[PDB]
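**Q** following this: a sequence and the matching experimental structure.
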Amino acid sequence: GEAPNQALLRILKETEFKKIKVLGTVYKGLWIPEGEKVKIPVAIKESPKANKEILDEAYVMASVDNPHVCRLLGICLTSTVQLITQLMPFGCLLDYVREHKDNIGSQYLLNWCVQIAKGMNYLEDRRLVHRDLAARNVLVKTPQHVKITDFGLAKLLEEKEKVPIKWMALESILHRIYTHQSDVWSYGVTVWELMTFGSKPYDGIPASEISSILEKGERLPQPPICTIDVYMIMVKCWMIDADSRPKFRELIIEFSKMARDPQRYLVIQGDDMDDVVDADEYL
Ligand SMILES: Fc1c(Br)cccc1Nc1ncnc2cc3c(cc12)OCCO3
């Protein structure tokens, strides 16, 4: 007895939206709802087995509604299956952080940590396990507002059977076990990505070696800008005992307190157009 998932799946006419540019296949474009006087900036994502999986992603993405998770606007069932979502104009936080490293202050870094914890707490609320939390899967709406995305691996809660090895709890590398608490481990790796301005974790170490390194007690090192307060939070996300790791609701609180005095916790040197409507205001 779980609750009935009464989310709506919107089917969009391909005449309703005009592609504009390739971004990766993911395109950017513009969606004009049916006779409504609005233009929505949108990203658009484009065999049998593959279709089975992109519909899984659309199922999850249609079932979440939170300011820090990307929601599905709709699908389009043309000769190909397209997912339509809100355009996140600044793109990937992993790229954003590498591109502006000489320009990102402690306030932004800690606020990102809070928002990502909020998104993850919401997914935990929906008994939802992401399994691929990473800085490459956080998108940037504005520099002050990020959202978690990429739900291709999300499951509705352990688990079973390519996997992102350097972001995974040890119990997931070992037993294909996945928890909201294995997500917290991945959250820690993600925070480490942001505090190093985009370093690759265990850079140079082959994935085969990862499981034994974490078994020997080894962990990612303390980033330069990080006080022991921040780094210790990360280290707690990497406890062997999954129940010893912090809850997302607590990560929200700890990083919230730090974001009220950012410099005490991060040490960083130098602290066509009418009728356009963002998806977050088209309800
Ligand atoms: F479209 C998607 C769906 Br549907 C499901 C999952 C992910 C995506 N990717 C994106 N979503 C919204 N804005 C984006 C903006 C981007 C981008 C991807 C975006 O790539 C890099 C540069 O700028």
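**A** Yes, it's here. Residues are numbered from 1 along each chain as shown.
**Q** CA atoms for contacts and neighbours, from now on please.
**A** OK.
**Q** excluding its backbone neighbours, what's nearest the closest residue to the ligand within the stretch 101-250 of the chain?
**A** Nearest residue of the stretch 101-250 of the chain to the ligand: residue 150, at 4.3 Å (C-alpha to the nearest ligand atom). Leaving aside its sequence neighbours, residue 150 sits nearest to residue 137 (C-alpha to C-alpha, 6 or more residues apart in numbering; 5.8 Å).
**Q** tell me the contacts of the residue of the stretch 101-250 of the chain closest to the ligand?
**A** 57, 132, 137 (C-alpha atoms under 8 Å, 6 or more residues apart in numbering).
**Q** tell me which of those residues is nearest to residue 249?
**A** residue 132 (19.2 Å; C-alpha to C-alpha).
**Q** isn't that closest one up against residue 164?
**A** Yes - assessed by C-alpha atoms under 8 Å, residue 132 is found in contact with residue 164 at 6.9 Å.
**Q** the two: which has the busier surroundings?
**A** When residue 132 and residue 164 are compared for neighbours, residue 132 comes out ahead with 22 against 13, by other C-alpha atoms under 10 Å.
**Q** doesn't that one belong to a strand?
**A** No - counting by DSSP: H, G, I helix; E, B strand; the rest coil, residue 132 is located in no strand; its state is coil.
**Q** please report how far it lies from residue 155.
**A** 11 Å (C-alpha to C-alpha, to the nearest Å).
**Q** contact residues of the protein facing the ligand?
**A** Within the chain, the positions near the ligand by C-alpha under 6 Å from any ligand atom are 23, 26, 43-45, 83-89, 91-92, 149-150.
**Q** are any of the residues you listed buried, and which?
**A** Buried members of the residues of the chain next to the ligand, counted by 16 or more other C-alpha atoms under 10 Å: 43-45, 83-88, 91-92, 149-150.
**Q** domains of the chain?
**A** The chain breaks down into these domains under CATH domains of a matching chain: 1-87, 88-271.
**Q** contacting residues for residue 258?
**A** By C-alpha under 8 Å, 6+ apart, the contact set of residue 258 is 110, 264, 265.
**Q** quick check: the last one touching residue 227?
**A** Yes - in terms of C-alpha under 8 Å, residue 265 counts as a neighbour of residue 227; the distance is 5.5 Å.
**Q** neighbour-wise, which of these two wins?
**A** Higher neighbour count among residue 265 and residue 227: residue 265, with 22 against 15, using other C-alpha under 10 Å.
**Q** check contacts around the more buried one.
**A** By C-alpha under 8 Å, 6+ apart, the neighbours of residue 265 are 226, 227, 229, 230, 258.
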